[PDB]
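Inspection log for the structure reproduced underneath, given as structure tokens.
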Protein chains: 2
Amino acid sequence: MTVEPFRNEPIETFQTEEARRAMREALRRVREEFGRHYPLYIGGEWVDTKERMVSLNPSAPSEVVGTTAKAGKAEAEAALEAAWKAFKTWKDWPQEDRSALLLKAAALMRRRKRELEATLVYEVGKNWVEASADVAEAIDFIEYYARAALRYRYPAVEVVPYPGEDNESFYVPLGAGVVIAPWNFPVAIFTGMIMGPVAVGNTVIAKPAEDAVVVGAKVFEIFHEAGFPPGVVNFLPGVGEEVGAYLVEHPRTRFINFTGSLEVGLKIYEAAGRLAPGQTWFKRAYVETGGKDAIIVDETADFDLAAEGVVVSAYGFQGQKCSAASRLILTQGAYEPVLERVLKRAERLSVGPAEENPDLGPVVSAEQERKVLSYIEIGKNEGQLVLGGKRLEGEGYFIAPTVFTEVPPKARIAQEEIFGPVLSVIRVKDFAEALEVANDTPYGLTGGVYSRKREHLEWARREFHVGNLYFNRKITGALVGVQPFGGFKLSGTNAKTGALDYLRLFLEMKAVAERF
Amino acid sequence: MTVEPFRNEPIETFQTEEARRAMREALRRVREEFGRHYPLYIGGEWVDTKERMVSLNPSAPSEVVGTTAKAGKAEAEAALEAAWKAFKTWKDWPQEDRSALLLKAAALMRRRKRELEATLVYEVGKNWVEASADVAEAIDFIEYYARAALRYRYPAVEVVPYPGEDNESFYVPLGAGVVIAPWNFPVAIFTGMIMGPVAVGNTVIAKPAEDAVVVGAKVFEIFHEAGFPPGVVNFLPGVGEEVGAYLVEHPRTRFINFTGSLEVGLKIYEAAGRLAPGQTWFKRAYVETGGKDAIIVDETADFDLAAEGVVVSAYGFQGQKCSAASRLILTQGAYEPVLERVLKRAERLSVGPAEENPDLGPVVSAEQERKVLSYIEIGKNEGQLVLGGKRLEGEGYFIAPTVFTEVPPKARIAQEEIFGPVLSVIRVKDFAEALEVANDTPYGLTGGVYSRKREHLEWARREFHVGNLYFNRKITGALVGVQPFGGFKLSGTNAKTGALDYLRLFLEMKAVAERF
């Protein structure tokens, strides 16, 4: 090793005056820069367009956080050209030089962390700690993938020797690919999806989510300052399906890395399976597509610990996480004690503009607000509303923490990903039934169990079919390196982020034999 | 390790009297059993059907070598039910016990090798050494995957620890999947495609190629005798697209492992990308889809060595290999010396009934004969026929070794996979142009270079874009363990057979965290 062992970046809690002072200044400076315009980034240069995209503050949507250029087909075509041109030489950088570039980018990101956190607060409505966790995870992806990439450098393939021959097997990167990123972790996941493939010699055209174009631009400012060669990373914010679909379907797109909704993920996977006219390879598509994640609590659990973990898991970042607890499955003995505790905790959660560091900021957009409120109306005819279920006062998209109980396991609110602060509570007889209910959704991303019974935990380890399973703690906030992150079933393709296995997805193997 | 280190099974050369006697005995036993009928194998039992399939001797197509049952949708459905039922417990066998089952199967196969070789001779027209190599490779896949599977047993995932927590990441098998196997290596590839997924806890429904159903049945006799639990492996010979299509498109098929034509592979990959009604996962499809493989020779080469390797590569098993040299790219200084030597060698090759151990047996079927003869007619309008290009006398599908010269790089016979004994010769100026021509096809499976110039070999190592590249030797016959086998581009998904990486394709990862 040429660098210190990987450790996770600390997540700031802002309990020191020093941290508060630094954050207040960062927020003030980001606020003072509202209205700034950020161009596209293609082939090493900032490229403007006639059309613009607007990014609003979800805590006060009359406020424009910033604008960006808007990519169309011509810009996508230019990005593809730049990315393939860059690939020709980027693929042949020694791995230590690519990894060093990543480490430089991590150092630069770390030095701008308060600024990036403040931008998340304003652009996507994260409170302070949610913002800090996001930026810390992004730094983690860079630090982790820089180190992981070294494990694939030659020699890395175990082969059986043969007499009179030299047999060499080695990995090579795939080419130029497309990243389609989500709005909910628009520093962390945006960064990881791009830097993983780039680390091992691929080039990337990245399409940020519409709601998070400004913070995506700032990440590109970092990539640019770090000195990635022209074309290695490209930034194409865009409205609607145009540029994303064009890139996914293009015969010259080698791979697609996607994190977002199941509806979109299904379309991408289907498109990736088709041979576009003139295409000369089988596209790889990595899709991470959300969840309907449950926490099971049985009567042996620490009910106070469970209630706290449930509230954190359900309502952190307003439940806008693919890992969020949206189902709470309670055995008969656990039902009253746990539900009472969850209600008492949840009813005390504050909701307000994200800059004030409330427990919950707003949901991310007017459209998200409409969807969550619509699911709340649906829930009213499926289960019993016992907390919240209302839009609060204010211009921001403020929705109260919401609980439905006695929810049928096959109810729409118990099956479909709402991605808002809406918890569905399901009552079951025992742990066996809890597992059946937990597994009976199309998804399989995260799950948790609060229980002191060792046999129930072991049972869940074997039978609770989720990619990331947690015992006696929150089910959100998977840490890079610690918990390889990715799911089963309709939660996606099990591309485990923050794990050595992630980078293998972006490599192919060549075997060369010389007979002497 | 609990067993001896892997070594490749010896390929019999039949240079001893005892080996020749043993083969003659096996040929006798096999033909005495030409009247045999082989049922389907589903859920641990041989299951017959009303309809039957006939398998013919391509060296004497009026001679029936066996009949099998014929699977339809009802049988495919029954096999899926059996495979999923088996998976429920097979997934939880300790790896050492699954691996021991494979090792038992390898020992049984080894004891029946002459019988299997003789069956290859009569059913698919392999000469003696081609048959021996095939069976040896099958045994290799079993021995190799049994050992490789251990590398994925817990603990196998490197994770970063976190204070106060136990973090466990481990692999689990996917479920029940489908294998669609080729006729050209119907012991080796049939066996490896099934045994890889099975070794790590998946269950498999296998559809043998129509032309090789009898030998597929004999492999299943070995699986049955070895004692794989009911439903773990299933055998569904079938006519046409019915059974394969049904299985590929089924919402409860977890993965598809395919080796065969590009036409079929493209359809399978597209179908795998679709969500069938009620499907609850993203299907994995591994496809290996052929090649248009070239050998480059420059003026520094050992011309005699090159000519021998070219003839072996082009005409071994009548050119019916995804790895076969179908293009010979000669620099100007190499052109006459190499072409003269190739023509002199090739014109001396014997063609006849496979059991007589000729250099070439027949092509596999009337349909293959029609395809190859059609390409010869196409070739006559594109290049210059200088050797062969004819059907020889006999009921058997005997086609002479064929050479076309002055073939334009973009000609159909220089681009499309003929899968017959047809070599296209292309004259180029120099090594740089040789590489340009080598790369300008939609494929990227195998390639070779005969050259003594070290800088040309390194150039090819970097620039000759094929998954399996060979210097100064034949480009066919990749050995399990030694040369991970699989290609780039439209040669498929780079699923490297006979390599540790192969098994990872049939696993997903779960991460379980306990906070104490």
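When we count neighbours, we look across all protein chains shown, and the Cβ atoms used for this are built from the backbone with ideal geometry, even at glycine. Every read-out reported here was derived from the displayed coordinates using simple, explicitly stated rules and does not represent laboratory data.
Remarks
- Separation of alpha-carbon centers, the range A:250-286 and the range B:269-317, rounded to whole Å: 22 Å
- Relative compactness, the range A:342-428, computed as alpha-carbon Rg over 2.2 N^0.38 Å: 1.07
- Assigned charges on the beta-carbon of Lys, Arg, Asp, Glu; the range B:178-249 dipole about Cα centre (debye): 220 debye
- Only helical runs count toward this figure. For chain B, summing -39,500 (n - 2.57) over DSSP H runs of n ≥ 4 and dividing by all residues gives -12500 deg cm²/dmol at 222 nm.
- Shortest-first nm distances, residue A:25 label point to equivalent points in other copies (7 Å, Cα→Cβ): 9.0
- With the largest listed first and rounded to whole Å, the semi-axes of the equivalent ellipsoid of the range A:246-355 from the Cα gyration tensor are 43, 16, 8.
- Helix A:262-272 axis versus longest C-alpha principal axis of chain A: approximately 20°, rounded to the nearest ten.
- Position residue B:394, label points 7 Å along Cα→Cβ, spacing to each other copy in nm (shortest first, one decimal): 8.6
- Cα-based shape type of the range B:107-217, given that a ≥ b ≥ c are square roots of the gyration tensor eigenvalues and the cut on a/c is 1.5: prolate
- Of every Cα-Cα pair in the range B:292-381, the percent that sits beyond 18 Å: 51 percent
- Gain upon complete extension [residue A:440, residue A:2; 0.36 nm per residue less C-alpha separation]: 153.0 nm
- Closest approach to the axis carrying B onto A, counted by Cβ on chain B and given in whole Å with its residue, is B:273, 1.
- What the Cβ-Cβ distance of residue B:154 and residue B:429 gives, at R0 = 51 Å and to the nearest 0.05, is a FRET efficiency of 0.35.
- For chain B, a Kirkwood radius taken over Cα pairs fed into Stokes-Einstein (20 °C, viscosity 1.002 mPa s) yields D = 91 µm²/s.
- Bridges between two residues of chain A, per DSSP, are antiparallel at a rate of about 40%.
- Within the straight-line cut-off of under 24 Å between alpha carbons, the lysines reachable from residue A:91 are A:104, A:207, A:283, A:496, A:510, B:489, B:496, sequence neighbours fewer than 8 places apart in one chain being disregarded.
- In a simple Cβ point-charge model (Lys, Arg +1; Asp, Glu -1; nothing else charged), the protein assembly as shown has a dipole of about 120 debye relative to its Cα centre.
- If you plug the beta carbon distance of residue B:84 and residue A:462 into 1/(1 + (r/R0)^6) with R0 = 22 Å, you get a FRET efficiency near 0.80.
- The C-alpha atoms of chain A define a longest principal axis, and helix A:332-346 lies at about 80 degrees to it.
- Order of A:97, A:293 - criterion: other Cβ atoms within 10 Å of each residue's Cβ, fewest first: A:97, A:293
- Under-5 Å amide H pairs with residue A:290, H placed in peptide plane, nonlocal only: A:260
- When the Cα positions of B:310, B:286, B:300 are compared along the charge dipole of the range B:269-313, B:286 comes out farthest toward the positive end, with charges on each C-beta of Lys, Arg, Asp and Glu.
- Taken about its Cα centre, the range A:409-484 carries a charge dipole of about 300 debye when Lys and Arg each add +1 at the Cβ and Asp and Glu each add -1 at the Cβ.
- Copies compared at residue B:97 - label distances in nm, ascending, label defined 7 Å from Cα in the Cβ direction: 5.3
- P(r) weight above 27 Å for the range A:290-479, C-alpha pairs, percent: 20 percent
- Calculated SAXS-style log₁₀ I(q)/I(0) at q = 0.04, 0.08, 0.09 Å⁻¹ - the protein assembly as shown, Debye, Cα scatterers: -0.22, -0.82, -1.01
- Reducing the range B:159-220 and the range A:393-450 to their Cα centroids gives an inter-centroid distance of 36 Å.
- Between helix A:213-226 and chain A: long-axis angle, C-alpha atoms, 0 to 90°, nearest 10: 40 degrees
- Mean projection of the Cα convex hull over all viewing directions, computed for the range A:1-99: 10.6 nm².
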